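Scroll down for the structure; my scribbles are underneath it.
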Ligand SMILES: OC[C@H]1O[C@H](O[C@H]2[C@H](O)[C@@H](O)[C@@H](O)O[C@@H]2CO)[C@H](O)[C@@H](O)[C@@H]1O
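In my numbering, the protein residues as written are 59 to 554.
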């Protein structure tokens, strides 16, 4: 599906993807390059499993917190803007997408959750979470409720959990300590206990989700919701008379939203990196590109200084920014998805009554500390199943140092092997690889989507079943069942 000459773009379903697709059409009009914007379910979960397959996007949009994990797994291409372009965006938005000294994406916009409230039902929103049980009593008498927001995603409940001292990873001396997790300390427990009590006393329901909360507020059934800038569009349509303001305090301390930077990363496996850079820098990251997206669904405070000086007059933006300053910029470290999943499970189990607050958070604490497992990155000397198309044939990835010069010339448009002989590793996925087939000795250039890692257990399973009835592939599989240790790759290149 991904192929040279075209762009496939993924962005989340709550973002202004029709607006983004209008920028895509402008790009297609001027350049002839087709742009397809998609918004699949669970895209932040899917990207790592399909980035190296034919089903990956060239460009992925998400909050920066997922991008450290992607980069550690080699899925993101390094971004290389000159000083002039960097000067166009705020420094702190670049740092959000800096990973191990490298720029790993283009920042787009800054997102924080705010308290949104119906100015008709409630001209004086509570400054404190504590006021809300009594406020809901009063509103229940009038056929309404005080507050509804998405309880299925920890993003929305984290500000309350963090208010009295909950945190993700301890930050000191400019680095995150991954073994110091603040998920089950007395503060986090206090905040999640408050949430569960709101449920128990019937002021909120445990299965309220994004669209339930959205419909409810937009129809005037609830005085308040908690949401981001992307949601202001549908409230405008509603003609609910609404304000956007600072989240309530908990035990006198501000709610502390995790702040996100919507960012666009480029798939390291993509053959369209230069096109992707042209689209992002020259079409999206301009006043008119960003405006088209923002008029579909508000971006928040954009990273682009020129367009932001316009947007910054909006009091809804100022409120976002105030909440952002009371919260934390999310870490981009690879441990973040394990943290999010751990806390997601904890909140859903506690709110539903399926587990206590103490036991839910204690399990989340240990889970959030699990060692991060990066996706493997195709390396030279790796043993693969390679498709000439052409049927899949066992082969070895050849390092550039060993590639016969004639074969180099046909290339598409350190691992220490020996004290003197070292192979530069692949830092990321590549758009093309030079492999050499076993018991065949021919070379080919392949895309990653046409390679699959081949283990020895893979070989046996093949050499044990009905697949062995295909005789021509037996010596191939049985050379590769040896593993890369059992093959002198210098010999294999030199003499077959
Ligand atoms: O709830 C966990 C989730 O939080 C954040 O996801 C946000 C995203 O940043 C926003 O742009 C918006 O779309 O809502 C999402 C939550 O529904 C993290 O970015 C994400 O990694 C995390 O899993």
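We put the beta carbon where it would ideally sit given N, CA and C, even for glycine.
Report, in whole angstroms, the separation of the C-beta atoms of residue i and residue j, which I expect to be a contact under 8 Å.
i: residue 175; j: residue 282; result: 5 Å
i: residue 438; j: residue 455; result: 5 Å
i: residue 461; j: residue 492; result: 5 Å
i: residue 419; j: residue 246; result: 6 Å
i: residue 551; j: residue 494; result: 7 Å
i: residue 191; j: residue 259; result: 6 Å
i: residue 355; j: residue 291; result: 5 Å
Here's a check: name, in chain order, each residue in its chain whose Cβ is nearer than 6 Å to the Cβ of residue i, leaving out the five neighbours to either side.
i: residue 250; result: 219, 408, 415
i: residue 489; result: 329
i: residue 382; result: 170, 317
i: residue 404; result: 418, 419, 422
i: residue 517; result: 535, 538, 539
i: residue 521; result: 535
i: residue 286; result: 169, 171
In the DSSP assignment, find the beta strand (DSSP E) that holds residue i and state where it starts and stops.
i: residue 135; result: Neither: residue 135 is in no beta strand (DSSP E) and is coded neither H nor E.
i: residue 85; result: Careful: residue 85 lies outside any beta strand (DSSP E), inside the alpha helix (DSSP H) at 75-89.
i: residue 164; result: 164-169
i: residue 65; result: 65-68
i: residue 398; result: Unbroken run through residue 398 is the alpha helix (DSSP H), 394-410; no beta strand (DSSP E).
i: residue 120; result: 117-121
i: residue 300; result: 300-303
i: residue 96; result: 93-96
Drop a sphere of 10 angstroms on the beta-carbon of residue i, count the other beta-carbons inside from all chains shown, and report buried for 16 or more, exposed for fewer.
i: residue 474; result: exposed
i: residue 314; result: buried
i: residue 155; result: buried
i: residue 466; result: exposed
i: residue 102; result: buried
i: residue 138; result: exposed
i: residue 548; result: exposed
i: residue 476; result: exposed
i: residue 199; result: exposed
i: residue 124; result: buried
i: residue 275; result: buried
i: residue 579; result: Outside the displayed span of the chain (59 to 554) sits residue 579, for which this structure offers no information.
i: residue 142; result: exposed
i: residue 464; result: exposed
i: residue 237; result: exposed
i: residue 5; result: Residue 5 is absent from the model: the chain starts at 59 and stops at 554.
i: residue 272; result: buried
Hey, could you find the ends of the alpha helix (DSSP H) residue i is sitting in?
i: residue 151; result: 149-154
i: residue 290; result: 290-296
i: residue 424; result: 415-426
i: residue 445; result: Run containing residue 445: none in the alpha helix (DSSP H); it sits in the beta strand (DSSP E), 441-445.
i: residue 272; result: 268-276
i: residue 128; result: 125-130
i: residue 187; result: Here residue 187 belongs to no alpha helix (DSSP H), and DSSP marks it neither H nor E.
i: residue 555; result: Residue 555 lies beyond the range of the chain shown here (59 to 554); nothing can be said about it.
i: residue 533; result: 532-538
Helix, strand or coil for residue i? Go by DSSP, reduced to three states.
i: residue 324; result: strand
i: residue 372; result: coil
i: residue 431; result: coil
i: residue 176; result: strand
i: residue 285; result: strand
i: residue 200; result: coil
i: residue 507; result: helix
i: residue 229; result: strand
i: residue 471; result: coil
i: residue 466; result: helix
i: residue 452; result: strand
i: residue 110; result: coil
i: residue 238; result: strand
i: residue 492; result: strand
i: residue 141; result: helix
i: residue 316; result: strand
i: residue 486; result: coil
i: residue 37; result: Residue coverage of the chain in this structure runs from 59 to 554, which leaves residue 37 outside it and unanswerable.
i: residue 474; result: strand
i: residue 377; result: helix
i: residue 205; result: strand
i: residue 480; result: strand
i: residue 502; result: strand
Can you find the residues in the same chain that come closer than 7 Å, C-beta to C-beta, to residue i, ignoring five residues on each side of it along the sequence?
i: residue 396; result: 425, 426, 428, 430
i: residue 345; result: 364, 365
i: residue 214; result: 171, 207, 208, 284
i: residue 468; result: 503
i: residue 84; result: 341
i: residue 386; result: 314, 316, 317
Is there at least one non-hydrogen atom of ligand 3 closer than 7 Å to the beta-carbon of residue i?
i: residue 220; result: Although ligand 3 was asked about, the structure shown includes only ligand 1 as ligands.
Using a Cβ-Cβ cutoff of less than 8 Å, which residues in the same chain neighbour residue i once the five nearest sequence positions on both sides are dropped?
i: residue 436; result: 110, 442, 455, 484, 487, 488, 491, 506, 509, 511
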